[PDB]
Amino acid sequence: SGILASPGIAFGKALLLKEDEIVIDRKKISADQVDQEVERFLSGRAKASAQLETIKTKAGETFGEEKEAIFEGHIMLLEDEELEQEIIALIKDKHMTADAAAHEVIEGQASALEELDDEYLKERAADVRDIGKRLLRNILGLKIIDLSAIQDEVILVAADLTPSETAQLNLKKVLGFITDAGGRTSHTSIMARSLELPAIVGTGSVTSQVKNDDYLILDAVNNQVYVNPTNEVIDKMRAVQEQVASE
């Protein structure tokens, strides 16, 4: 399918992003527990802040100060003295688990910027949620992504990508992006065009039509994604289309 965010072709295996779904616990805790969860939260926020602190820098050296400062405000929101008061209260006051309480707050903050049909405000609620997902994972002891982990040059396949993701992404080993996105103006599109790396974004669900490690070639010229082709289809793009650089 496709919307065509960025021109180019690519040959490589697909790395399929898997994001551990998040089960928030609703069960009201006992007064006994109250302390433990306040610790769960403070401990979780302690790490999520730490991961955020290395991304700031990796967004920094790669993309510079414009980007390093998107990050300063990510941290500043996660560690907001008032939002802490709110999450903790729900623990002491309404006996909610840390993972359920923090969600309520962040969710209340992201969903309050979405009231306006403002593009940028909708972009903020997006990032406000990016930060909230993080925290819950850590609180939840669920496993964290970290894209610097890259071993192979791969064609990053995912549903969508956010600034926390594309910063730690090992640029000189990702051969393009394929997402279920929205695109043409989304962060993956503007991430690619700039990088001159290919990108088809408005996909319905490549995330279901591809599996991890499947070899494939992203067309991004005529807008086609070829999953596990025959060597002649390979032989085709291989240079037939791939040699669009000569002209």
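Heads up: residue numbers just count along the shown sequence, starting at 1.
The mean C-alpha temperature factor is higher for 205-213 when 37-45 and 205-213 are set side by side.
The stretch with the higher mean CA B factor, choosing between 11-19 and 219-227, is 11-19. When the C-alpha B factors of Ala31, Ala192, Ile55, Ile200 are read from the deposited coordinates, the top value falls at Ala192. Highest CA B-factor among the listed residues (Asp93, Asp127, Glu81, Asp117): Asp117.
In the PDB entry, a CA B factor belonging to the lowest third of its chain's modelled residues is recorded for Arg137. In the PDB entry, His74 places in the lowest third of its chain by CA B-factor.
For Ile144, the recorded CA temperature factor ranks within the middle third of the chain's modelled residues.
Among all modelled residues in this chain, the alpha-carbon of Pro163 has a temperature factor (C-alpha) in the highest third. In the PDB entry, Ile155 places in the middle third of its chain by CA B-factor.
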